[PDB]
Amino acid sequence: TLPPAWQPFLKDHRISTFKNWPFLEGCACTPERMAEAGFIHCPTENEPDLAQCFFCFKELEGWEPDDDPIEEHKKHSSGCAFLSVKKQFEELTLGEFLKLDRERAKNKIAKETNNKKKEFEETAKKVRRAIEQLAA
């Protein structure tokens, strides 16, 4: 029994988020493997095999059966500190756990800063196009 904010640190919570995940028995990227690797399932109508690292917030889609979630995570987000954690959840100390949650909080904020940047640039493109068109 942990608060909602912290559940994603629990493997079994992460596994539970996989609802209608297509890759099951026989595949390398099963819910169990995705979850061990830190991923949560975050599907859209648009992008339905979308998954996200709960810790560094990197999102990945286009999953294929033979994809090893751990190697995919290393490839696309080499610096994610969850990948460094070798001890089991319950073997962590509260100090270690609190250190991790702080790094996660920083990761969230960095990601939101990076999204707001991308949104601002997209709006700036449209504005630029609109002005060019009215100049022409």
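Residue numbers here begin at 1 and follow the sequence given.
When the C-alpha B-factors of 44-52 and 94-102 are averaged, 44-52 comes out higher. Annotation for 84-92 versus 26-34: the higher mean temperature factor (C-alpha) is found in 84-92.
In the PDB entry, residue 74 places in the highest third of its chain by CA B-factor. The deposited CA B-factor of residue 13 belongs to the lowest third of values across its chain. Residue-level temperature factors show residue 117 in the middle third of its chain, judged at the C-alpha atom.
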